[PDB]
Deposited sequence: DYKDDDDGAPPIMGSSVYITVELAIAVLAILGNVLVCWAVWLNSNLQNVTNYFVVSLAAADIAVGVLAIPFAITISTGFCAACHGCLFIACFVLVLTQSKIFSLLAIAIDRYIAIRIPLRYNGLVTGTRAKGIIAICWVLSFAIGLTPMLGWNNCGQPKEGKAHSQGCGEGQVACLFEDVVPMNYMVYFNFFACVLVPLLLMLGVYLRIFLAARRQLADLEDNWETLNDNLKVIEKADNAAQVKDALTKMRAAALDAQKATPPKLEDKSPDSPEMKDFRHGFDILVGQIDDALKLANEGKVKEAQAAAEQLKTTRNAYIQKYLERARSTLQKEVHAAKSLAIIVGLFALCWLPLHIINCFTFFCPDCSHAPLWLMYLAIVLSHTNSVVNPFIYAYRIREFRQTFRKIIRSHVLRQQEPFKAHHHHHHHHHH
């Protein structure tokens, strides 16, 4: 067996590199929100809670991980705390991520009421409430769901540990049924699936709204055809009534729809009197209102929904990379736990899976920079002005 300090040295050098980049990158996220009022919306308060958790990974959870890989003699419950602290920070990120998905779902489903429902003061109260539950979830082992009542006394002796001490190792003190049933299944997988449902519902909503617009637009332009090409009064009235509801429905900028419906009322009135050619010609005045007001709403509405879709995809990539960085390690615990006949994943793979999970704390800054113009532009200023 190769001197264990050769593998540890690599693992540790890598952990530190990752802690450095987690700190830098998420500091930049915070500095960017601090400085650009275009980034000071509720959604980004959760971005900031997320970046704080990732700063805390680099400043505390990674040094803790390095520590608890040595097996050092430690009081069992102090071992548990350096083992479990990172579970808190991770739970924090899961709640931020879920909050964000719900925020954008409210934003696209009821845009009209979002600013009176989703306020900065309520966001901050939700964040605080989430941090406190994260401490309760990730430190639950401290409350007694732990292996400190059944230490490995042979192992503690072979290391000369004091009395009451254990060799301090994540899997020796944190029970694996906590890690699998409670943490993984219930505190991680259930929320990720929820977030999956929510982003589903967001994309469906957006897809339905865009079609509604495109329908309303076609109701508008086809019912005109029916008018130009009629020779009967009632044909004109019928086609106009179907433009008016499709106009009021799209209304749900004002000069544009006032004129439009008013001109439709104008033409409806003419058509009820049997003035076919006089209604057909008043209808034609609508086309002028279409080109100048309605088609510009169609397009800005389309543009806003495409931006929400693009934004929601950017945030779902954050959640997928969270899942990618953490599932291997969860999957390993599931084998450790459910297959006592299987050999334990080898050390080298544990190294790989642990460092992989920690790299998640580096990736969010890059997503913002690659996918969110306002962040990317801010990031450039901060770098230039303070190289």
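Coordinate coverage of the deposited sequence is interrupted at 1 to 7, 260 to 277, 413 to 431, where no C-alpha atom was modelled.
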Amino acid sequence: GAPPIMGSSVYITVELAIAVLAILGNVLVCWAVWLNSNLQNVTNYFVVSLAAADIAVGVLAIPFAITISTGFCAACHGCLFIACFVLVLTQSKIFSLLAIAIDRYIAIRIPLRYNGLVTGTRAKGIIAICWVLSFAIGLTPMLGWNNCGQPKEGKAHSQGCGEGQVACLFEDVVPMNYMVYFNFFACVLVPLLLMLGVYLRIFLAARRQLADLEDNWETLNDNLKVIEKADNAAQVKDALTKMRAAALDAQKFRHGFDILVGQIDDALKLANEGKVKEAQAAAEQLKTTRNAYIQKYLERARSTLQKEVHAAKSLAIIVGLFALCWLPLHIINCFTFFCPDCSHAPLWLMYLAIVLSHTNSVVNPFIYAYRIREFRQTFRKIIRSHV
From here on, numbers count along this sequence of modelled residues.
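Averaged over their C-alpha atoms, the temperature factors of 327 to 335 and 65 to 73 are higher for 65 to 73. Stretch comparison (112 to 120 versus 80 to 88) by mean CA B-factor in the PDB entry places 112 to 120 on top.
The maximum CA B-factor among the listed residues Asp266, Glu218, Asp103, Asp172, taken from the PDB record, is found at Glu218. For the set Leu143, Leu97, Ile137, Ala301, the maximum C-alpha B-factor listed in the entry falls on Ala301.
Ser314: CA B factor lies in the lowest third for its chain, per the PDB record.
When all modelled residues of the chain are sorted by CA temperature factor, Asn177 is found within the lowest third. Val57: CA B factor in the lowest third of modelled residues in this chain (values from the PDB entry). In this PDB entry, the Cα temperature factor of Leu35 sits in the top third of its chain's modelled residues, the highest group.
Per the deposited record, the Cα B-factor of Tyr293 falls in the highest third when ranked against the other modelled residues of its chain.
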